[PDB]
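Note that PDB author numbering has the sequence shown beginning at 21, numbered continuously upward. Note that CB positions come from ideal geometry on N, CA and C, so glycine has one too. Inspection log for the structure reproduced underneath, given as structure tokens.
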Amino acid sequence: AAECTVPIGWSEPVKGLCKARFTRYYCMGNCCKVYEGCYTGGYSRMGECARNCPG
């Protein structure tokens, strides 16, 4: 398993209570982590997150 672990001092995104499902990609220090639900913040695409997250 190579996945993206939320680092020390970082938080999970806070899910909204909206009735929409979005897919968002958050830079968790050094890797991008994907969340689906009423999430905002982060990036809309994997490529955008990857280009803005240490590699």
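Which residues in the same chain have their Cβ closer than 8 Å to the Cβ of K39, if we skip the five residues on either side of it in sequence? Position 19 of the sequence shown, counted from the first residue, corresponds to residue 39. Closer than 8 Å at Cβ, skipping near neighbours: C58.
Cβ pair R41, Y63 closer than 8 Å: Along the sequence shown, one-based indexing puts residue 41 at 21. Along the sequence shown, one-based indexing puts residue 63 at 43. Cβ atoms of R41 and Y63: not closer than 8 Å.
Keeping to the same chain, check which residues put their C-beta closer than 7 Å to that of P74; ignore five residues upstream and five downstream. Taking the sequence shown and counting its residues from 1, one reaches residue 74 at position 54. If we look at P74 and ignore the five residues flanking it on each side, its Cβ neighbours are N50.
Here's a check: name, in chain order, each residue in its chain whose Cβ is nearer than 7 Å to the Cβ of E32, leaving out the five neighbours to either side. By one-based count along the sequence shown, residue 32 stands at place 12. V26.
Sort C47, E56, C24 and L37 by Cα distance to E68 and report the nearest one. Position 48 of the sequence shown, counting from 1, holds the residue named residue 68. That would be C47, whose Cα lies nearest to the Cα of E68.
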